[PDB]
Amino acid sequence: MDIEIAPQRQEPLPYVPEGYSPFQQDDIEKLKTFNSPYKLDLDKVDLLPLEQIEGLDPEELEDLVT
Amino acid sequence: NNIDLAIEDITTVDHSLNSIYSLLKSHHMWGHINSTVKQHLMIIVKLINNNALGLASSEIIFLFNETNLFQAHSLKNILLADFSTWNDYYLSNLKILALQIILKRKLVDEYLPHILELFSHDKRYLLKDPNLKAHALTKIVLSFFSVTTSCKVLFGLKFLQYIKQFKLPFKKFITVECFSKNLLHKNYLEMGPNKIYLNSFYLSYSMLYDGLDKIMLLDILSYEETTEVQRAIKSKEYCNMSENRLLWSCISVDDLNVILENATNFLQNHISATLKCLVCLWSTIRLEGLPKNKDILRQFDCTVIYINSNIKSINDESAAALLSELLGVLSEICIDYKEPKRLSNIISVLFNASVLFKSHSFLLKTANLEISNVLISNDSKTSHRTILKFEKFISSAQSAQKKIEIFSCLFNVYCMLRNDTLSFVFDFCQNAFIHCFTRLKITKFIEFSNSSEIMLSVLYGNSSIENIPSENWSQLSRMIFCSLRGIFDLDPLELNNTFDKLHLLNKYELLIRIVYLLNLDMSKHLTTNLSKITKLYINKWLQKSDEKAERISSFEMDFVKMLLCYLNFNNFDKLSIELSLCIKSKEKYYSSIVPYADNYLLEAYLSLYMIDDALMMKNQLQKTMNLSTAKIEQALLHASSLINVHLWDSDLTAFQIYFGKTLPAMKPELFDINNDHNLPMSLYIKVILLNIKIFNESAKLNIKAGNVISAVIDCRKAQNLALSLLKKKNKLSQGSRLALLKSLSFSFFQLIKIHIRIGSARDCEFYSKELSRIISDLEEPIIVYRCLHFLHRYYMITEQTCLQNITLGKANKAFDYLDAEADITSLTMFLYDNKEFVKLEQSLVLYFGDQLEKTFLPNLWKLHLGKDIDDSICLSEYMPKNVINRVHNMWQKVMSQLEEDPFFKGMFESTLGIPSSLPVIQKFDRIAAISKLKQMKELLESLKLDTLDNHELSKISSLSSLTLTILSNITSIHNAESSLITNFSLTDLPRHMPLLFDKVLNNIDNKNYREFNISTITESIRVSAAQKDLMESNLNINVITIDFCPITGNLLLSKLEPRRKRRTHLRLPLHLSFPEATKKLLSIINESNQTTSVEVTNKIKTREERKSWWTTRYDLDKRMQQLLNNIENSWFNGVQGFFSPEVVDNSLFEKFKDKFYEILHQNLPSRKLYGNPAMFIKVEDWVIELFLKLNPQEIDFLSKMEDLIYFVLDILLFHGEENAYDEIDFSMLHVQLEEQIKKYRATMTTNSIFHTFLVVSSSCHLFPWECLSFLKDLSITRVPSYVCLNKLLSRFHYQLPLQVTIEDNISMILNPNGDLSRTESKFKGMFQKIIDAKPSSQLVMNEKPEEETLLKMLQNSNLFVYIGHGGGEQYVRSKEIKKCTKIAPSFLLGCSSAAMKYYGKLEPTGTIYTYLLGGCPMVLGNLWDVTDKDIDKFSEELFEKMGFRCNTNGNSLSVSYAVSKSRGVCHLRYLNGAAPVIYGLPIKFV
């Protein structure tokens, strides 16, 4: 006996709450990635101003270096 | 005893010597240079004694060259070498050896002007060694005096001077008085060209013999030569130009001044010439060797102002050379005079020439003079000055190579000044890096010349240059390098087993080793060694603070900060406290870092819920430090620590004042998230992180204070800031990356928690999915663990039991990578998850030991485990969790006590009702039971509802109505009806609150989330006002709630009869349970749903597969019919009449009541034998009415009546009227009651109510209630709550049904996806006709509708009808329907339009609720998937009965009656026919 039939189960338009922006793949790399705590980060030449206000004998030679 | 080795080849020794001098220099081991030089000095003298004078000589030079910046390539260079820290412990003796050699080589004649120059300025070249060898040196002088063919007088003078100076016995030679005369003979006083010196020598001689028989100056110089010096002087630009001096030597001390002054004026009175004289004058000044006086110094200062002022006045390179020479002779004066300020001016003039002349030669000369001064000044505290100077030089250099050249004069090991501290070398190298190296812009490794291994390691460690040859270096040097670089290439096995015997870094081995392990761990994202090295540092470094008696390295400072931060991020809170305390203890050395110890001690107290110590910490810190002067880093540090909620006392107000007004008023740049003040990127990142943390905790405060909306908004700001923080170009620093990890995971936890509280499964799924995704790619174990622990709890709450298993396994695995003994808060979480509550509360005692009394943490865990604690020892903060727990504990106790009395046990297994009895106006004692219940009633009434999550509000409501129900069946209670009223609207609250939160949170302006509030209180009024309004509507309807009791498992009915002004409720115990019926049904539904999917039907090809699909669906249909049958015949035994639409005739009812009571009087043992009729318990009318509502003609009439009897007997029983069933005359009850009921039915008037509203709770939505045999013929719509019903009715002035005009503006959608082509065939006809003779109507067919057109369809139609899958979610978002306020009555005639996805203890959702929230007043959908031929049969029938045609009238049916009359057309009466359902108000077409 001939069968009955159902519409294709489509996809609901995606829900995205509260103006959420997802974290990108780039963002994720920046969170995984160790960088040394020790790394730090930090025109005309001007003249400088002026401020205001027979000799020693063998044993004698050895005494000298000792 | 030591052996002696013959040396056959000296070059072997030199090799060993140079090899050692190089190593020692490279490893900063300066003290071993001394002991090596001592050997070397002995080598030189041994050469001298064996008459290897040629070899000895170049050995001296070798010794000197290997130990000094300056280089020598003659003995003359040795002789005039300045003292420095590098050589001053041997230089004296070296020069004496050099003089010995000059003597024995008989080279005195050729060395003569140098030997004179030496001794002329003996104060500078010689007489500084405090241990100077007197007898030797002065003997050397006499011997020179002896052999010299000239200047015998000069030597004589010096020798006499020394012997006086050093108190030596003349008798090292005849008479000393005669010696002077002998010097005075014409030939002895013969000096040749070297007469220039004489003045210097005599002056030094005079000093020791002034006031004695001094050889006077006139004995040597005739009066003629001496008079005409001064005579000519005051009668004249008068100098021997050819000899670069003055015409006269031995110039009078006073006549100096008139010459001095002369020239000054001469300057004032072409530039080439003047300088030339200037050189002449100042060269004679050095020569004469006069002691400095103001007159000379005034002229100097003046002469150098003159030169400087006229640099640009120089053009020729002849004047240029003259200038360099004058500057050279002047610099030498400053060293003769110890004039450091004055020398630094000569460096300045040289530098200025280097700029004006644009000459690298002058700049090189400038750099070196700078270095000279440094070596001479010997103040390693000064060197910041030099580095900043060399910054300006380097900047001034003419090319890239020239800048690198100047750099190397500064990046030079003798600049270490024999400093043996790691702190100094780090300090020097980092500053050279920041201020100088970075200006060189080099991208390949330069191995800088004449610098140590250590210097190269710290400098390139800080660089980003790619291929540094670090493996050239000792292990400890490579270890500092790796730690600086964040790169770790050292083999573990080797790091333990190599060693250099001689290295400065051996003095710092433990420190270097733990800095390496810390940074190694972090690099690999582990904590393997964290605990080992924190303990090591505390006990073997930090503890020996005052042993080591040394300034602390920046290397160590930075280490400690990184260690505190990694301890804190891993919650090693115990170690954190001990470390921090220890630091704040060794304050003598670590004072600069103590701000970090203070902040991190605070966070550790808080993490261990030691609120006591945290608060002491708070208020001390606040007073003890001012912000207006604190640098931005310390202010960030102070502010960050004060953010924690537990630092307040649920005082969102105070918190907001502080961070929102006070703190911004005092440190604005703490809130400059746009970086307008342009801070260094590293601090700017830290500012954003501060503000992220503020918004994160502000979410926590708001939500703990029932401010769901604004807490959601805060959270979202926190997340947006984090997204913007990641976009900054920065190469994120470890400390900030961890900060952001802690913060970002927190805000997901917080958002999910906020949405659990209001029951929104929809948002929780979204967030939990986003979080899960992120975790995956992460690698930090403490973050991965904590997130998995959280998600696992979440999967428990939503009862997604498969993910629950998977994430428990993952969480348990993740825990392995944690230090279980160090992190107690992760351990208790692990123990909890795994049901080891015993091991839990007791590992909390082994972690706090005797400190257990200052942490709320073991009490907080008591609260999580369900216990309620002593109010006096509970934090104000956690007081609501406390009471909530108490309520439940109080309930389990009272319920379990009552339940072991057969009386109450039986009562809990009985259909119960309220009001059932009219009031007056012993295993468990009855007074005790009424007492415990009134106690429960009042404890439930005490609690603040705004502190409840929706699922708890639900349980408290049911607990509240159960307590009222037991009480009222047991005694008569104070304020009877009012308690039923407040309870009716209490049970409605949890129905309403999720929907309103859904609506509000969805119409939130998105601008709110990027700019850097409802509640249960007002909602309480709206819920009870709804009920008051409904009651007063006088509508002749029933409003019946259907709910499920989580606590008891009871079915729960209530009814609201507005016309009768009556409120009744009853509890049905329940053969299957509600959760079993729910299972059996879901199984049926999910199977039929399955049979429906195109995946399955598409694979059906043969006659055989056809019949199987039909067997299965007919079978599924019978299973569902049977389940509903079971429910009918179990769940409502005796009370199906509660649903009856019949109204009793009042005149007839009263005669029935007389009879009814007479019948009870004569047939109940109690009424027959005890008291009188005035003491009998009287039953409420609506209970009596139930009898009149029975149909004696029905087949199961007697079962239903019997059950009514039981109900009534029960009412009398619980109120104290016993009736042994043993002696009730049931035969007579049966006969007489049936008689009176037959009489009533046979004569009754037929007046019924107009419509039935079913308030259906989300838990009961899935059941097709309307198809129960006592419901299937009734006009019914569903509603989700009293508040929704009453606003819908207020919207249409309480007029049922909803007249809806059908004569125009009707929308339709048909087969929007071309997957239902037979359906299209059937309806193509009527729909296309209606768009014809019915204006502003629209049809969309075989065509995907676009979002904006059905949004306008919905808000601009008198009728909306839709045929296709679901309710059109695939063409329009949930969000926009929800933003609407008025929607058209909708026929959602598709698969599963009214279905709902269920999520455990959270609220479900589906298309149905969204329309209601869009302001749809009537929406019709299917509870599950339906198949096309049958459902279209139903639709066709639905339209025809309602009147939906093109010839608009008459007596059509309402949507309600029309639906129930149309179910029957379906072949599968349940799988398809039970599927349609209506929410909202009944409509009729007009």
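Around B:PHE746, with a cut-off of 13 angstrom between Cβ atoms, what is the net charge of the other residues, counting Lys and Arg +1 and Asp and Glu -1?
+3
Computed from backbone phi, the HN-Hα couplings of the stretch B:80-92 come to 9, 6, 5, 6, 9, 5, 5, 10, 6, 8, 9, 3, 2 Hz, rounded to whole numbers (Karplus: 6.51 cos²θ - 1.76 cosθ + 1.60, θ = phi - 60°; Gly and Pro given as x). Note on chain A: Rg/Rh from Cα positions, Kirkwood definition for Rh, rounded to two decimals, is 1.75. Specify whether the C-alpha gyration tensor of the stretch B:809-851 places it in the rounded, prolate or oblate class, a ≥ b ≥ c being the square roots of the eigenvalues: rounded for a/c under 1.5, otherwise prolate if a/b is larger than b/c and oblate if not. Here the stretch B:809-851 falls in the oblate category.
Among B:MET1418, B:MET879, B:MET1201, a tally of other beta-carbon atoms within 10 Å of each Cβ gives an order, fewest to most, of B:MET879, B:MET1201, B:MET1418. Length, then width, then depth: along the principal axes, the Cα atoms of the stretch B:915-999 run 51, 25, 18 Å. Derived scalar couplings between HN and Hα for the stretch B:201-209 equal 4, 4, 3, 5, 6, 3, 2, 7, 10 Hz in order, rounded to whole Hz, by the Karplus curve 6.51 cos²θ - 1.76 cosθ + 1.60 (θ = phi - 60°), x for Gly and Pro.
A cut-off under 10 angstrom between Cβ atoms defines the neighbours of B:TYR785, and their net charge, with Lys, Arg +1 and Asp, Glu -1, is 0.
What you get for the stretch B:1276-1485, charging only the Cβ of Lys and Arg (+1) and of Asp and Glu (-1), is a dipole of about 600 debye around the Cα centre. Each residue of the stretch B:324-335 was assigned a 3J(HN,Hα) from its phi angle through the Karplus curve 6.51 cos²θ - 1.76 cosθ + 1.60 (θ = phi - 60°); the sequence is 4, 5, 4, 5, x, 6, 5, 5, 5, 4, 4, 6 Hz, with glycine and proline shown as x. Here the stretch B:1169-1229 and the stretch B:938-980 have alpha carbon centers that stand 28 Å from each other. Is the stretch B:1276-1485 best put as rounded, prolate or oblate by its Cα gyration tensor, with a ≥ b ≥ c the root eigenvalues, rounded for a/c under 1.5, and otherwise prolate when a/b is larger than b/c, oblate when not? It is rounded, given that a/c, with a ≥ b ≥ c, falls under 1.5. Distant-in-sequence amide contacts of B:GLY913, defined by a placed amide H-H separation under 5 Å and a gap of 5 or more residues or a different chain, comprise B:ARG1067.
Look at the dipole of the protein assembly as shown built from charges on Cβ: of B:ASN310, B:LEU94, B:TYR1114, the Cα furthest out on the positive end belongs to B:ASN310.
Just round it to a whole percent: the fraction of Cα-Cα distances in the stretch B:315-381 exceeding 18 Å.
Value for the stretch B:315-381: 34 percent of Cα pairs lie more than 18 Å apart.
Along its principal axes, chain B has C-alpha extents of 172, 79, 64 angstrom, given from the largest down. Close amide H pairs (under 5 Å, H built 1.01 Å from N) link B:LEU1298 with B:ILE1483, B:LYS1484, residues at least 5 positions away or on another chain. Distance from the Cα centroid of the stretch B:400-437 to that of the stretch B:178-210 is 48 Å (rounded to whole angstrom). Near B:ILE1037, the amide H atoms lying under 5 Å from its own belong to B:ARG1059, B:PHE1250; only residues 5 or more places off or on other chains count, and H is placed 1.01 Å from N. With Cβ to Cβ distances under 12 Å as the rule, what net charge do the other residues near B:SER1257 carry (K, R +1; D, E -1)? Summing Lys and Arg as +1 and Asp and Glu as -1 gives -1.
With a 10 Å Cβ neighbour count serving as the proxy for reagent exposure, in which order, fewest first, do B:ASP998, A:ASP57 appear? Walk me through the intermediate numbers first.
Numbers: B:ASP998 21, A:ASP57 11.
Ascending Cβ contact count within 10 Å gives the list A:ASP57, B:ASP998.
Under the rule a/c < 1.5 gives rounded, and otherwise a/b versus b/c splits prolate from oblate, where does the protein assembly as shown land using the Cα gyration tensor? Taking the square roots of the gyration eigenvalues as a ≥ b ≥ c, the protein assembly as shown is prolate.
Centroid-to-centroid, using Cα positions, the stretch B:1261-1302 and the stretch B:292-307 are 110 Å apart.
Summarising the overall dimensions of the stretch B:878-1065 from its C-alpha atoms, the Rg and Dmax are 18.7, 67 angstrom.
Is it possible to state the helix-based mean residue ellipticity at 222 nm for chain B, with each DSSP H run of 4+ residues giving -39500 (n - 2.57), the sum divided by total residues, to the nearest 500 deg cm²/dmol? What is it?
Helix-only estimate at 222 nm: -18500 deg cm²/dmol.
Between B:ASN419, B:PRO595, B:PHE1149, the Cα set farthest toward the positive side of the dipole of the protein assembly as shown (charges on each charged residue's Cβ, about the Cα centre) is that of B:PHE1149.
A quick note on method: Cβ atoms are made from the backbone with ideal geometry, for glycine too, and the neighbour counts reach across all protein chains shown. Read-outs: derived from the displayed coordinates by stated rules, not from any lab.
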